[PDB]
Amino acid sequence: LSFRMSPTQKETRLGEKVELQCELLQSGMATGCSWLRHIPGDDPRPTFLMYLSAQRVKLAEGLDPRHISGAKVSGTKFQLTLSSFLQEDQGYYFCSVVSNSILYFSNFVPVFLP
């Protein structure tokens, strides 16, 4: 499964809104999509952020919905929004879709401060 990322990278600033989108290049394989991010550090694992579908956005435990959310824009377009960028928001953002029990990952989007 292929995705197009809009934008493909972002240099942001503290306090700024950041809006990311991933677009599935094929439809009908899933109704939902997850956003994840990898935080630079010694832990190589990604961090689950949210699951987006026809239902309300489901945020990862402990996340502030005032700060981070997302939306299913269409059957193939998914959006993530950071309302006011914080230092800890820096990382590599990507989408994941499960289809036929296979985890697929979009390309990653580096979102960093100067």
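Each residue number is its position in the shown sequence, starting from 1.
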query: Entry-level comparison of average CA B-factors, 57 to 65 and 70 to 78, reporting the higher stretch; finding: 57 to 65
query: Candidate residues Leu52, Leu49, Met29, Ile39, the one whose C-alpha B factor the record puts highest; finding: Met29
query: Chain-wide C-alpha B factor ranking for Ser34, given as lowest, middle or highest third; finding: middle
query: For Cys22, the third of its chain into which the C-alpha B factor falls; finding: lowest
query: Entry-reported Cα temperature factor of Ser106, expressed as the chain third it lands in; finding: lowest
